[PDB]
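Note sheet for the following structure.
The values are calculated or read from the model by the stated rules, or taken from the named source; these are not laboratory values. Cβ placement follows ideal geometry from the backbone for every residue including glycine, while neighbour counts extend to all protein chains displayed.
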DNA sequence: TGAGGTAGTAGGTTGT
RNA sequence: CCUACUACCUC
Ligand SMILES: [Mg+2]
Ligand SMILES: [Mg+2]
Ligand SMILES: [Mg+2]
């Protein structure tokens with residue numbers, strides 16, 4: 001199993017803190033008028049920033065790595081109107097212990113402030129936050145592309161600086177939203193006001209006069225009175241958007257699509273060079289790239305009717321559990337009837353599978369109106385389970401409407417763009433897999449022994465002020481989804497998690513004849529304090545064992561091999577109850593960083609299962625998703641519900657995956 | 001709307 | 001940490 005290797009990650013070990021840095025200067029803060037119980041953290045922190053030097057926040061005070069005699073121990077900070085005045089008092093020096101978690105926390109704070117305060121005063125270039133840009137990758141007429149490392153410098157257990165490096169580019173332009181438009185470039189989709197820092201969604205140009213424009217004063221007079229039209233020359237009008245709003249000599253463009261990924265090996269090179277450079281110029285010593293041992297993991301045994309290397313091959317071999325089913329066709333283009341090949345391809349797959357299938361054809365059209373909805377009612381009534389939609393590229397709005405309409409009839413839909421050709425294999429072969437998943441068929445499954453019988457993933461909606469908390473089970477070592485719950489933010493209500501979970505327990509109970517022994521709980525991103533409290537409590541009582549795991553996409557940094565190829569499916573244990581995974585294999589892989597939040601399973605065992613769940617995804621076809629099937633499924637569910645409403649999911653079978 | 005990835009651009013979860 | 005969108009590559 002454990003085909004052990006050794007690969008170092010994009011971190012670096014540097015000189016151990018000196019005695020002085022272990023004894024930071026302590027200061028006291030006297031801000032009058034006294035802040036509100038609620039207005040402290042953001043204020044008390046902007047006071048340190050104001051105080052100058054490498055100083056951070058120290059609980060109810062400040063802590064510095066700079067002699068008080070070079071700080072601004074008096075001044076006045078302003079936050080949200082009120083102008084409170086501050087006053088620092090030098091109050092000794094307390095020794096800090098890196099061995100302690102709580103103490104080390106502030107030292108690492110100072111260390112980041114150090115890195116920022118010392119990088120800013122280099123003859124180099126910009127320093128946008130944690131970022132740094134040495135050279136220039138390109139300098140076209142109107143745009144400039146500078147390249148950089150994004151950095152972080154913290155303190156370890158032993159008390160030595162740790163410097164994490166990761167190369168990154170930046171697209172910055174000089175020309176105005178007018179000189180750039182006159183230079184001969186199409187209208188951007190994003191603009192940022194040059195008096196402020198707020199941005200807009202540039203909709204069009206205004207066929208109106210600046211001076212004679214009626215504002216809610218005079219348009220050209222507004223920006224004039226505010227002294228914004230000095231040293232410049234406002235051009236023509238422009239309808240920005242949040243309902244339009246007048247605004248082009250004052251606006252600036254946000255370049256993105258207009259006007260290259262770093263090669264895998266050519267990235268680790270620039271990573272070390274930037275390190276040698278940041279330690280040499282900052283007097284932090286010779287960077288010792290931190291290496292770690294990895295483990296090649298067991299290959300997944302994905303199996304249709306017969307074992308298979310990828311879900312797409314399940315089309316010529318057969319499905320894992322194909323039941324009798326009938327699909328439908330909806331052409332929003334000209335012609336009628338299934339294309340010859342899409343039919344041959346389906347009958348073969350269902351031939352192999354052994355189940356019988358009947359292709360239908362909807363002789364209706366959306367434009368008919370309600371006549372159209374009954375065309376569906378009749379289709380469903382005749383036994384149709386899912387419908388393939390051949391239509392030229394639709395608009396987002398028209399797309400959701402049609403999707404939502406069919407769902408209101410209990411018919412998931414897989415869209416496929418009419419400009420189609422037989423030799424576009426991957427295209428329509430995936431279209432079929434996606435249709436079939438939506439129909440309720442289990443394309444492939446996993447052969448093997450896994451610690452948990454049930455695997456559920458939780459995520460959170462998007463868009464509008466509110467989100468949708470949602471989860472989706474995976475019965476036995478078939479997949480299904482549950483009815484989501486609209487919530488205020490990203491934290492999922494404690495009893496909402498439980499109820500969502502309970503549904504998957506009971507789903508499993510329906511499939512097997514018994515409650516699960518053990519469940520694998522996968523939360524997308526960080527797991528807000530105690531959002532799984534009520535959940536894990538219950539599982540305990542009900543005598544079913546568990547494992548919670550933060551699956552984080554960002555923050556896994558990089559991981560390069562000491563020498564040779566980078567193997568697919570590396571298990572890279574890090575600290576305690578936390579490890580990496582490079583679950584996939586053009587650019588440079590971004591490893592997932594998992595964190596065992598509760599349970600007693602060996603990390604090696606979790607990593608194994610998690611990695612295997614990767615290949616369980618139905619509409620994947622010729623490539624597997626980066627995270628586990630359940631977590632990836634919860635993502636899309638949550639996404640589509642938030643996209644086109646929860647109101648439609650009412651009459652939709654939970655075993656049908658409409659969101660894929 | 002074939003799907004997966006990584007790579008940009010914004011804006012901003014939770015709990016400092 | 002996450003929520004989106006856009007562009008390139010790949011089967
Ligand atoms: Mg999330
Ligand atoms: Mg997500
Ligand atoms: Mg799909």
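Is segment A:265-277 home to any residue that is assigned to a loop (DSSP other than H, G, I, E, B) and over 22 Å from residue A:143 (Cβ atoms)? Walk me through how you get there before you give the answer.
Going through segment A:265-277, the residues assigned to a loop (DSSP other than H, G, I, E, B) turn out to be none.
Looking through segment A:265-277, none of the residues is assigned to a loop (DSSP other than H, G, I, E, B) and over 22 Å from residue A:143 (Cβ atoms).
Restricting to segment A:438-449, and then to whatever is surrounded by fewer than 24 Cβ atoms within 10 Å (Cβ to Cβ) and over 27 Å from the mean Cα position of the chain (by Cα), can you tell me which residue is farthest from ligand 3 (Cβ to nearest atom)? Explain how you work it out, then say what you get.
Applying the first criterion (surrounded by fewer than 24 Cβ atoms within 10 Å (Cβ to Cβ)) to segment A:438-449 yields A:440, A:442, A:445-449.
Narrowing the set further to residues that are over 27 Å from the mean Cα position of the chain (by Cα) leaves A:440, A:442, A:447-449.
Details: A:440: 15, A:442: 17, A:447: 26, A:448: 27, A:449: 31 Å.
Among those residues, the one meeting the criterion is A:449.
Yes or no, residue by residue, for (1) assigned to a loop (DSSP other than H, G, I, E, B); (2) near DNA strand B (Cβ under 9 Å from one of its atoms); (3) buried (at least 21 other Cβ atoms within 10 Å of the Cβ); (4) on the phi > 0 side of the Ramachandran plot:
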position	(1), (2), (3), (4)
A:394	yes, yes, no, no
A:398	no, yes, no, no
A:401	no, no, no, no
A:406	no, no, yes, no
A:421	yes, no, no, no
A:427	no, yes, no, no
A:436	no, no, yes, no
A:459	no, no, yes, no
A:464	yes, no, no, no
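Just checking, does segment A:592-600 include any residue being within 16 Å of RNA strand C (Cβ to nearest atom), surrounded by 20 or more Cβ atoms within 10 Å (Cβ to Cβ), outside the structural domain of residue A:266 (by CATH) and under 19 Å from the mean Cα position of the chain (by Cα)?
Looking only at segment A:592-600, we keep the residues that are within 16 Å of RNA strand C (Cβ to nearest atom), and these are A:592-597.
Filter again for surrounded by 20 or more Cβ atoms within 10 Å (Cβ to Cβ), leaving A:592, A:594.
Okay, now just the ones that are also outside the structural domain of residue A:266 (by CATH), so A:592, A:594.
So of that shortlist, the ones also under 19 Å from the mean Cα position of the chain (by Cα) come out as A:592, A:594.
Yes: one or more hits.
Give segment A:287-313 a look and list any residue that's assigned to a loop (DSSP other than H, G, I, E, B) and under 30 Å from residue A:348 (Cα atoms), or say none. Spell out how you get there, then give the answer.
Taking segment A:287-313 first, the residues assigned to a loop (DSSP other than H, G, I, E, B) are A:287, A:297-301, A:304-306, A:308-310.
Within segment A:287-313, A:299, A:300, A:301, A:304, A:305, A:306, A:308, A:309, A:310 qualify.
Return the total of residues in segment A:113-164 being under 25 Å from the mean Cα position of the chain (by Cα) and at negative phi. Lay out the reasoning, then the answer.
Quick first cut of segment A:113-164, residues under 25 Å from the mean Cα position of the chain (by Cα) only: A:127-133, A:145-154, A:163-164.
Restricting the remaining residues to those that are at negative phi gives A:127-128, A:130-133, A:145-154, A:163-164.
Residues flagged as under 25 Å from the mean Cα position of the chain (by Cα) and at negative phi within segment A:113-164 amount to 18.
Taking residue A:547 and the conditions (1) in a strand (DSSP E or B); (2) out of contact with any helix residue (DSSP H, G or I) (no Cβ under 7 Å at 6 or more places or on another chain), which numbered condition does it fall short on, given that it satisfies the others?
(2)
Please tell me if residue A:528 is in the same structural domain as residue A:631 (by CATH) and within 12 Å of DNA strand B (Cβ to nearest atom). Don't jump to the end; show me each part of the working.
On the way: in the same structural domain as residue A:631 (by CATH): yes; within 12 Å of DNA strand B (Cβ to nearest atom): yes.
Yes; evaluated as a whole, the condition is true for this residue.
Can you find even one residue in segment A:641-659 that is assigned to a helix (DSSP H, G or I), surrounded by fewer than 21 Cβ atoms within 10 Å (Cβ to Cβ) and within 16 Å of ligand 1 (Cβ to nearest atom)?
Taking every residue of segment A:641-659 in turn, at least one turns out to be assigned to a helix (DSSP H, G or I), surrounded by fewer than 21 Cβ atoms within 10 Å (Cβ to Cβ) and within 16 Å of ligand 1 (Cβ to nearest atom).
Go through segment A:24-53 and count every residue that is surrounded by 15 or more Cβ atoms within 10 Å (Cβ to Cβ) and either more than 16 Å from residue A:113 (Cβ to Cβ) or touching a strand residue (DSSP E or B) at 6+ places or on another chain (Cβ under 7 Å) (or both). Lay out the reasoning, then the answer.
Step one: filter segment A:24-53 for residues surrounded by 15 or more Cβ atoms within 10 Å (Cβ to Cβ), giving A:24-27, A:29, A:31, A:35, A:43-44, A:46-48, A:50-53.
Restricting the remaining residues to those that are either more than 16 Å from residue A:113 (Cβ to Cβ) or touching a strand residue (DSSP E or B) at 6+ places or on another chain (Cβ under 7 Å) (or both) gives A:24-27, A:29, A:31, A:35, A:43-44, A:47-48, A:50-51, A:53.
Number of matching residues: 14.
Residue A:90 fails exactly one of the following numbered conditions: (1) within 29 Å of residue A:270 (Cβ to Cβ); (2) in contact with a strand residue (DSSP E or B) (Cβ under 7 Å, 6 or more places away or on another chain). What is the number of that condition?
(1)
Looking at (1) buried (at least 19 other Cβ atoms within 10 Å of the Cβ); (2) within 16 Å of ligand 2 (Cβ to nearest atom); (3) over 24 Å from residue A:577 (Cα atoms), which is the only condition residue A:482 fails?
(2)
Consider segment A:499-537. How many of its residues are assigned to a strand (DSSP E or B) and either out of contact with any strand residue (DSSP E or B) (no Cβ under 7 Å at 6 or more places or on another chain) or within 15 Å of residue A:452 (Cβ to Cβ) (or both)? First the steps, then the outcome.
Quick first cut of segment A:499-537, residues assigned to a strand (DSSP E or B) only: A:518-524.
Next cut, either out of contact with any strand residue (DSSP E or B) (no Cβ under 7 Å at 6 or more places or on another chain) or within 15 Å of residue A:452 (Cβ to Cβ) (or both) only: A:518-523.
Result for segment A:499-537: 6.
Determine which single condition residue A:594 fails, assuming it passes every other condition in (1) more than 16 Å from ligand 1 (Cβ to nearest atom); (2) in contact with a helix residue (DSSP H, G or I) (Cβ under 8 Å, 6 or more places away or on another chain).
(1)
Check whether at least one residue in segment A:553-572 is touching a helix residue (DSSP H, G or I) at 6+ places or on another chain (Cβ under 8 Å), closer than 17 Å to residue A:611 by Cα, more than 16 Å from ligand 2 (Cβ to nearest atom) and not in a loop (DSSP other than H, G, I, E, B), and report yes or no.
Residues of segment A:553-572 touching a helix residue (DSSP H, G or I) at 6+ places or on another chain (Cβ under 8 Å): A:558, A:560, A:566, A:569, A:571.
With closer than 17 Å to residue A:611 by Cα added as a condition, the list becomes A:566, A:569, A:571.
Those still in the list that are more than 16 Å from ligand 2 (Cβ to nearest atom) too: A:566, A:569, A:571.
Subset that is not in a loop (DSSP other than H, G, I, E, B): A:571.
For segment A:553-572, residues touching a helix residue (DSSP H, G or I) at 6+ places or on another chain (Cβ under 8 Å), closer than 17 Å to residue A:611 by Cα, more than 16 Å from ligand 2 (Cβ to nearest atom) and not in a loop (DSSP other than H, G, I, E, B): present.
Matching residues to (1) more than 16 Å from ligand 3 (Cβ to nearest atom); (2) surrounded by 17 or more Cβ atoms within 10 Å (Cβ to Cβ); (3) farther than 21 Å from residue A:551 by Cβ:
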| residue | (1), (2), (3) |
| --- | --- |
| A:500 | yes, yes, no |
| A:504 | yes, yes, no |
| A:509 | yes, no, yes |
| A:512 | yes, no, yes |
| A:520 | yes, yes, no |
| A:530 | yes, no, no |
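Please specify each residue of segment A:213-259 satisfying the condition of being part of a strand (DSSP E or B) and away from DNA strand B (no atom under 16 Å from the Cβ). Quick ask: steps written out before the conclusion?
We begin by selecting, within segment A:213-259, every residue part of a strand (DSSP E or B); these are A:214, A:218, A:239-241, A:244-245, A:251-253.
Those that are part of a strand (DSSP E or B) and away from DNA strand B (no atom under 16 Å from the Cβ): A:214, A:218, A:239, A:244.
What about residue A:496, is it under 19 Å from residue A:657 (Cβ atoms) and touching a strand residue (DSSP E or B) at 6+ places or on another chain (Cβ under 9 Å)? Explain how you work it out, then say what you get.
Working: under 19 Å from residue A:657 (Cβ atoms): no; touching a strand residue (DSSP E or B) at 6+ places or on another chain (Cβ under 9 Å): yes.
The answer is no for residue A:496.
Let me spell it out: the conditions are (1) within 30 Å of residue A:382 (Cβ to Cβ); (2) touching a strand residue (DSSP E or B) at 6+ places or on another chain (Cβ under 8 Å), and residue A:405 meets all of them except one. Which number is the exception?
In the conditions (1) within 30 Å of residue A:382 (Cβ to Cβ); (2) touching a strand residue (DSSP E or B) at 6+ places or on another chain (Cβ under 8 Å), residue A:405 misses (2) alone.
Tally time: how many residues in segment A:618-640 are in a loop (DSSP other than H, G, I, E, B), more than 9 Å from RNA strand C (Cβ to nearest atom) and surrounded by fewer than 24 Cβ atoms within 10 Å (Cβ to Cβ)?
3
Taking the condition within 21 Å of the chain's Cα centre (by Cα), in a strand (DSSP E or B), under 24 Å from residue A:657 (Cβ atoms) and within 16 Å of ligand 3 (Cβ to nearest atom), does residue A:472 pass? Before you say what the answer is, go through the steps one by one.
On the way: within 21 Å of the chain's Cα centre (by Cα): yes; in a strand (DSSP E or B): yes; under 24 Å from residue A:657 (Cβ atoms): yes; within 16 Å of ligand 3 (Cβ to nearest atom): yes.
The answer is yes for residue A:472.
Scan segment A:529-548 for residues that are within 16 Å of RNA strand C (Cβ to nearest atom) and under 16 Å from residue A:471 (Cα atoms) and jot them down.
A:531, A:532, A:548
Name the single residue that is nearest to RNA strand C (Cβ to nearest atom) among those in segment A:573-591 being part of a loop (DSSP other than H, G, I, E, B), under 23 Å from residue A:634 (Cβ atoms) and out of contact with any helix residue (DSSP H, G or I) (no Cβ under 9 Å at 6 or more places or on another chain).
Among residues in segment A:573-591 that are part of a loop (DSSP other than H, G, I, E, B), under 23 Å from residue A:634 (Cβ atoms) and out of contact with any helix residue (DSSP H, G or I) (no Cβ under 9 Å at 6 or more places or on another chain), the one nearest to RNA strand C (Cβ to nearest atom) is A:590.
From the list A:457, A:470, pick out the single residue that is touching a helix residue (DSSP H, G or I) at 6+ places or on another chain (Cβ under 8 Å), within 16 Å of ligand 1 (Cβ to nearest atom) and either farther than 21 Å from residue A:302 by Cβ or not assigned by CATH to the domain that holds residue A:621 (or both). Give the derivation first.
On the way: A:457 fails: either farther than 21 Å from residue A:302 by Cβ or not assigned by CATH to the domain that holds residue A:621 (or both).
After ruling out the rest, the residue left standing is A:470.
Cβ-Cβ distance below 6 Å, separation of 6 or more or different chains: which pairs start in segment A:454-466 with a residue that is closer than 18 Å to residue A:477 by Cα and end on one that is within 12 Å of DNA strand B (Cβ to nearest atom)?
Qualifying pairs under 6 Å: A:457/A:631.
Being surrounded by 13 or more Cβ atoms within 10 Å (Cβ to Cβ) and either in contact with a helix residue (DSSP H, G or I) (Cβ under 9 Å, 6 or more places away or on another chain) or outside the structural domain of residue A:33 (by CATH) (or both) narrows it down to one of A:104, A:87, A:120, so name that one. Talk me through it step by step, then tell me what you get.
On the way: A:87 fails: either in contact with a helix residue (DSSP H, G or I) (Cβ under 9 Å, 6 or more places away or on another chain) or outside the structural domain of residue A:33 (by CATH) (or both); A:120 fails: surrounded by 13 or more Cβ atoms within 10 Å (Cβ to Cβ).
Being surrounded by 13 or more Cβ atoms within 10 Å (Cβ to Cβ) and either in contact with a helix residue (DSSP H, G or I) (Cβ under 9 Å, 6 or more places away or on another chain) or outside the structural domain of residue A:33 (by CATH) (or both) holds for just one of A:104, A:87, A:120, which is A:104.
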